[PDB]
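Data first, discussion second: the structure below is written as structure tokens.
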Amino acid sequence: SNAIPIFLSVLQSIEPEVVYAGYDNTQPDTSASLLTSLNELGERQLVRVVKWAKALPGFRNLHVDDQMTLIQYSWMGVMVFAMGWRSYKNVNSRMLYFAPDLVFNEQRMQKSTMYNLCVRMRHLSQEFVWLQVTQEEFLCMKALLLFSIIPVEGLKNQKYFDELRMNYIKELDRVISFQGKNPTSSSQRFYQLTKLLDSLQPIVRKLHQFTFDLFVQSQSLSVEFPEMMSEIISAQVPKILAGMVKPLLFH
Amino acid sequence: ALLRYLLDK
Ligand SMILES: C[C@]12CCC(=O)C[C@@H]1CC[C@@H]1[C@@H]2CC[C@]2(C)[C@@H](O)CC[C@@H]12
């Protein structure tokens with residue numbers, strides 16, 4: 001559907017720029033300070049995710065209702081995947097590189113009160129190291145995450161979504177073979193990377209549970225949620241936890 | 001609103 005050297009050019013050109021959390025690293029870390037900063041980081045990243053998705057070819061040809069649905073449900077996965085890439089490129093996946101001014105070591109993972117989820121996210125980052133994911137594969141795979149979760153009743157124009165998603169799957173397939181392999185080695189690589197994408201979903205589901213817990217207790221825990229974060233978490237996350245969405249896997 | 005505001009820009 002779209003030439004392989006062109007696709008990578010478009011994806012590189014629209015890739016969001018670095019965003020800082022704005023965290024005061026001179027302060028002592030508390031659960032509330034770290035979680036509020038992550039909430040603030042998510043709001044800042046979410047603004048870039050919308051601008052990014054709008055520039056993804058074919059996305060804005062969806063009905064605006066479906067565009068809302070896709071961003072509302074997939075923003076967690078897109079951000080966690082990009083975070084794993086950042087940790088791979090910056091600290092060789094030894095720490096969680098949420099932002100240049102918000103890097104989690106073991107101490108911050110403990111005081112965040114989601115230590116086990118942080119460990120799971122570092123394991124995801126380590127898969128980048130073991131697989132030696134290219135930047136070209138990363139960009140194609142991240143684009144696919146916009147097409148990873150849909151309502152159980154489907155979208156307004158499900159058929160167009162189906163073909164656009166199939167298209168972006170083909171783009172990943174073509175990028176892998178574009179890089180010199182035999183067809184056997186390219187077929188294994190496609191399975192590895194799609195299995196990597198599917199491994200995101202259990203992590204994302206736990207993160208959706210965790211963020212709804214924080215939101216419910218935000219006042220008592222002194223954990224602040226920015227405005228757009230609150231609008232999505234108070235609307236689409238409950239539907240996710242109610243089983244009203246389905247992940248679109250590969251394996 | 002808000003997410004819709006960003007998409008309509
Ligand atoms: C997406 C963020 C912020 C962006 C990023 O790099 C990944 C990270 C993953 C955990 C999230 C956080 C946003 C805010 C969240 C949702 C907290 O509420 C609980 C888990 C956090």
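Scheme for the structure tokens: letters A, B, ... for chains in order shown; per-chain residue numbers from 1; ligand numbers from 1 in order shown.
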Next item on the list: Starting from chain A, keep only residues with some atom at most 8 Å from an atom of chain B, counting only C-alpha atoms, and report them as a list in words.
Entry: residues 47, 50, 51, 54, 64, 68 and 228 of chain A
Show me a table, sorted first by chain and then by increasing residue number, of the residues of chain A having an atom at most 6 Å from ligand 1, each with its shortest atom pair and the distance in Å to one decimal, counting only C-alpha atoms and all ligand atoms and written as JSON lines.
{"residue": "A:38", "atom": "CA", "partner": "ligand 1", "partner_atom_place_in_ligand_line": "14 (C)", "distance": 4.7}
{"residue": "A:39", "atom": "CA", "partner": "ligand 1", "partner_atom_place_in_ligand_line": "14 (C)", "distance": 4.1}
{"residue": "A:41", "atom": "CA", "partner": "ligand 1", "partner_atom_place_in_ligand_line": "3 (C)", "distance": 5.2}
{"residue": "A:42", "atom": "CA", "partner": "ligand 1", "partner_atom_place_in_ligand_line": "3 (C)", "distance": 4.0}
{"residue": "A:76", "atom": "CA", "partner": "ligand 1", "partner_atom_place_in_ligand_line": "1 (C)", "distance": 5.4}
{"residue": "A:79", "atom": "CA", "partner": "ligand 1", "partner_atom_place_in_ligand_line": "7 (C)", "distance": 5.0}
{"residue": "A:80", "atom": "CA", "partner": "ligand 1", "partner_atom_place_in_ligand_line": "7 (C)", "distance": 4.5}
{"residue": "A:83", "atom": "CA", "partner": "ligand 1", "partner_atom_place_in_ligand_line": "6 (O)", "distance": 4.7}
{"residue": "A:98", "atom": "CA", "partner": "ligand 1", "partner_atom_place_in_ligand_line": "6 (O)", "distance": 4.0}
{"residue": "A:207", "atom": "CA", "partner": "ligand 1", "partner_atom_place_in_ligand_line": "20 (C)", "distance": 5.3}
{"residue": "A:210", "atom": "CA", "partner": "ligand 1", "partner_atom_place_in_ligand_line": "19 (C)", "distance": 5.8}
{"residue": "A:211", "atom": "CA", "partner": "ligand 1", "partner_atom_place_in_ligand_line": "19 (C)", "distance": 4.2}
Create the file for the chosen residues now, containing N, CA, C and O atoms and written as a short mmCIF file (atom, residue, chain, number, x, y, z; two decimals), in the first residue's frame.
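Output file again.cif follows:
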data_model
loop_
_atom_site.label_atom_id
_atom_site.label_comp_id
_atom_site.auth_asym_id
_atom_site.auth_seq_id
_atom_site.Cartn_x
_atom_site.Cartn_y
_atom_site.Cartn_z
N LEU A 38 4.35 10.87 36.83
CA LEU A 38 3.99 9.96 35.74
C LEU A 38 2.67 10.36 35.11
O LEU A 38 2.51 10.32 33.89
N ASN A 39 1.69 10.76 35.94
CA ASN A 39 0.44 11.29 35.41
C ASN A 39 0.68 12.53 34.56
O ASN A 39 0.12 12.66 33.47
N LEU A 41 3.48 13.36 33.06
CA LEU A 41 4.18 12.91 31.86
C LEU A 41 3.20 12.32 30.85
O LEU A 41 3.33 12.56 29.64
N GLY A 42 2.23 11.54 31.32
CA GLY A 42 1.26 10.94 30.42
C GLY A 42 0.42 11.98 29.69
O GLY A 42 0.15 11.84 28.50
N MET A 76 -2.12 3.82 26.33
CA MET A 76 -1.28 3.12 27.31
C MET A 76 -0.22 2.27 26.61
O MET A 76 0.97 2.35 26.94
N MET A 79 2.51 4.31 24.67
CA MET A 79 3.47 4.99 25.54
C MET A 79 4.41 4.00 26.21
O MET A 79 5.61 4.26 26.34
N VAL A 80 3.89 2.86 26.66
CA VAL A 80 4.73 1.86 27.32
C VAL A 80 5.73 1.28 26.34
O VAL A 80 6.90 1.05 26.68
N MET A 83 8.36 3.83 25.74
CA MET A 83 9.19 3.88 26.94
C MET A 83 10.22 2.76 26.94
O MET A 83 11.39 2.97 27.26
N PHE A 98 11.42 6.80 31.55
CA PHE A 98 10.15 7.46 31.26
C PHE A 98 10.37 8.78 30.54
O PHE A 98 9.68 9.11 29.57
N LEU A 207 -1.78 -2.16 33.95
CA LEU A 207 -1.62 -0.72 34.08
C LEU A 207 -2.98 -0.02 34.09
O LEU A 207 -3.17 0.96 34.82
N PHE A 210 -4.32 -0.54 37.49
CA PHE A 210 -3.58 0.24 38.48
C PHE A 210 -3.96 1.71 38.41
O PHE A 210 -4.16 2.36 39.44
N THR A 211 -4.07 2.26 37.20
CA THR A 211 -4.37 3.68 37.07
C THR A 211 -5.80 4.00 37.52
O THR A 211 -6.06 5.07 38.07
#
Would you write out, as CSV, a table of all residues in region 215-240 of chain A that have an atom no more than 12 Å from an atom of region 202-205 of chain A, listing for each the closest atom pair and the distance in Å to one decimal, considering only C-alpha atoms and ordering rows by chain and rising residue number?
residue,atom,partner,partner_atom,distance
A:237,CA,A:205,CA,9.7
A:238,CA,A:205,CA,11.6
A:239,CA,A:205,CA,12.0
A:240,CA,A:205,CA,8.3
Take the residues from that selection and write them out as a short mmCIF file (atom, residue, chain, number, x, y, z; two decimals), in the first residue's frame, keeping N, CA and C atoms.
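File part07.cif, as written:
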data_model
loop_
_atom_site.label_atom_id
_atom_site.label_comp_id
_atom_site.auth_asym_id
_atom_site.auth_seq_id
_atom_site.Cartn_x
_atom_site.Cartn_y
_atom_site.Cartn_z
N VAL A 237 -11.34 3.74 30.48
CA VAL A 237 -10.75 2.72 31.35
C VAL A 237 -11.82 1.90 32.06
N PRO A 238 -12.90 2.47 32.60
CA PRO A 238 -13.96 1.62 33.18
C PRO A 238 -14.54 0.63 32.18
N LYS A 239 -14.74 1.05 30.93
CA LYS A 239 -15.22 0.12 29.92
C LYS A 239 -14.22 -1.00 29.67
N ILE A 240 -12.92 -0.67 29.68
CA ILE A 240 -11.89 -1.70 29.53
C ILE A 240 -11.99 -2.72 30.66
#
Checklist line | Using only C-alpha atoms: which of A:144, A:244, A:10, A:175 has the shortest distance to residue 198 (chain A) | finding: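 Among A:144, A:244, A:10, A:175, it is A:144 that comes nearest to residue 198 (chain A).
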Note to self: Can you measure CA of residue 75 (chain A) to CA of residue 169 (chain A) for me? One decimal in Å is fine.
What the structure shows: 18.8 Å
Next item on the list: Run DSSP on the backbone of this structure and report the residues of chain B it assigns to helix (DSSP H, G or I), as a ChimeraX atom specification.
Entry: /B:3-8
Give me a file of those residues, with N, CA, C and O atoms, as a PDB file, in the first residue's frame.
ATOM      1  N   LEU B   3      -9.976  15.788  24.189  1.00  0.00           N
ATOM      2  CA  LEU B   3      -9.446  14.889  23.169  1.00  0.00           C
ATOM      3  C   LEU B   3     -10.073  15.192  21.816  1.00  0.00           C
ATOM      4  O   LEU B   3      -9.392  15.169  20.784  1.00  0.00           O
ATOM      5  N   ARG B   4     -11.374  15.486  21.807  1.00  0.00           N
ATOM      6  CA  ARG B   4     -12.026  15.934  20.583  1.00  0.00           C
ATOM      7  C   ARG B   4     -11.486  17.287  20.139  1.00  0.00           C
ATOM      8  O   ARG B   4     -11.328  17.538  18.938  1.00  0.00           O
ATOM      9  N   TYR B   5     -11.198  18.174  21.095  1.00  0.00           N
ATOM     10  CA  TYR B   5     -10.599  19.463  20.761  1.00  0.00           C
ATOM     11  C   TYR B   5      -9.275  19.279  20.032  1.00  0.00           C
ATOM     12  O   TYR B   5      -9.001  19.955  19.033  1.00  0.00           O
ATOM     13  N   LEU B   6      -8.441  18.355  20.515  1.00  0.00           N
ATOM     14  CA  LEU B   6      -7.144  18.129  19.889  1.00  0.00           C
ATOM     15  C   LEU B   6      -7.294  17.510  18.505  1.00  0.00           C
ATOM     16  O   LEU B   6      -6.551  17.858  17.580  1.00  0.00           O
ATOM     17  N   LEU B   7      -8.253  16.595  18.339  1.00  0.00           N
ATOM     18  CA  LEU B   7      -8.433  15.949  17.044  1.00  0.00           C
ATOM     19  C   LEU B   7      -8.979  16.912  15.997  1.00  0.00           C
ATOM     20  O   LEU B   7      -8.688  16.758  14.806  1.00  0.00           O
ATOM     21  N   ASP B   8      -9.763  17.906  16.411  1.00  0.00           N
ATOM     22  CA  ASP B   8     -10.357  18.831  15.455  1.00  0.00           C
ATOM     23  C   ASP B   8      -9.406  19.944  15.035  1.00  0.00           C
ATOM     24  O   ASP B   8      -9.640  20.580  14.001  1.00  0.00           O
TER      25      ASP B   8
END
